[PDB]
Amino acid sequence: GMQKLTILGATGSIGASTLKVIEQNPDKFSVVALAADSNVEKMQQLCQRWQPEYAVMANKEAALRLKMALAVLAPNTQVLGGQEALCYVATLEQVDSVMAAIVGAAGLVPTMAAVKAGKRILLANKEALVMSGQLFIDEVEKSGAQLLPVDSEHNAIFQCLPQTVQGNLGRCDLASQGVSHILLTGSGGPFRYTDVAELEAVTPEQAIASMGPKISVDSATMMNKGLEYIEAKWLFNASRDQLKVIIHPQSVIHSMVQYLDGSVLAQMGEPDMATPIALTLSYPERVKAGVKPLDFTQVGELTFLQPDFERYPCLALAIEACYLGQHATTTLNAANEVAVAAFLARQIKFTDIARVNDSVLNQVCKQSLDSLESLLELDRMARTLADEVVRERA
């Protein structure tokens, strides 16, 4: 009856939220392995509290430091280091679910290893579907793995869909289950009400407005929503007709689904990742998450805007890239990482982010079976091109 978990990415906020849910439900969930790619100090404190069978650092030098610490703080925890070790804890025979919350391309291989092992995948890595969506959906079908999305918007959509679609992510025909379209919602970022002409003079200070700066700039360009759009396409097998973006500045509603009869289902809640995580752990049942019920006294007004592509050119690029396929979305994601770093380094203007993305995307896709290796190679090629366009713009 007990569900056994490996947590990939235990020292971040997703890891923390996952552990809070497990803390509320000690009779249902048990932590077999914890793994991290940063923060040995946090990791040793978590291994002390959780005493897991395995603890893994992605970096081998960091694993050595952890092993020395846990010789005192968690003597029965076996510490391991490296990429092979991440795959090892992700594929253990006794493990039922894997929280895949290591970010970036470093998360692909261990997430993929869990997929090939037929595990239940609590998906909190954007790159798996942005870079290699077709590949991931195929491997999931091949092994019988269950995919359950962690991210707020995707999780909300998941909850607003019928059970037949929930059980068969990536392979169901939406129109045959009565779905007209999915409404992906977003706040619109700090420049939601800013005149388009003023965007040229925007500074990194303004674009940050609390989480990491790359994620904040993506929120300002709505590239964050673009990437979510791409993931939604693969998660829910949605065509461009079936997938819409709506700006909802207050973020109380997390996303919605429009049905054929006129009915709309929406998911709402307090802004706490423990809620969506809790469902990924408990599906199809539900568990206490340590999150209070929504307080309609404090919600204030809910409003909606149509995104303007003059304001959010990156969003148009992501939608376009989406339906061109893996090569285009890998290219766009790579280019954007370079373009954002250049804006933050004050080499290019805020509005140049979209121009860099647009140039690189056009160059790559005018040319004519994919693997994780070949797509990483393409990621690298796109970065090189983006570096060159950054110089043109500087």
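In this text, rigid core is short for the largest set of C-alphas that superpose within 1.5 Å between two forms. Note that residue numbering follows the sequence shown and begins at 1.
Once the structures in 4 other deposited structures of this protein are superposed via the core, the pair 67-75 and 189-197 is resolved in favour of 67-75 as the more displaced stretch (C-alpha RMS). Among other compared entries that model residues flanking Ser368, a third or more give it no coordinates. In the record comparison, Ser210 is unmodelled in at least a third of the other entries of this protein that model the residues flanking it. According to the record, the deposited sequence contains 4 to 9 residues between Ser368 and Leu369 that were left without coordinates. According to the entry, the deposited sequence places 4 to 9 unmodelled residues between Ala209 and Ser210. Relative to one another, 128-136 and 271-279 have unequal mean CA B-factors, and 128-136 is the one with the higher figure. For the pair 370-378 and 6-14, the mean B factor over Cα atoms is greater in 370-378. When the C-alpha B-factors of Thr203, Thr185, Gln250, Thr77 are ranked from the entry, the top spot goes to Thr203. Out of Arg49, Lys67, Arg355, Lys42, it is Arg355 whose C-alpha atom has the highest B-factor in the PDB entry. When the CA B factors of the chain's modelled residues are split into thirds, the value for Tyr193 lands in the highest one.
In the deposited entry, the Cα temperature factor of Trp234 sits in the bottom third of values across the chain's modelled residues. Annotation for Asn224: C-alpha temperature factor in the middle third relative to the rest of the modelled chain, per the entry.
Among all modelled residues in its chain, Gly82 ranks in the middle third by Cα B-factor. In the deposited entry, the Cα temperature factor of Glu310 sits in the top third of values across the chain's modelled residues.
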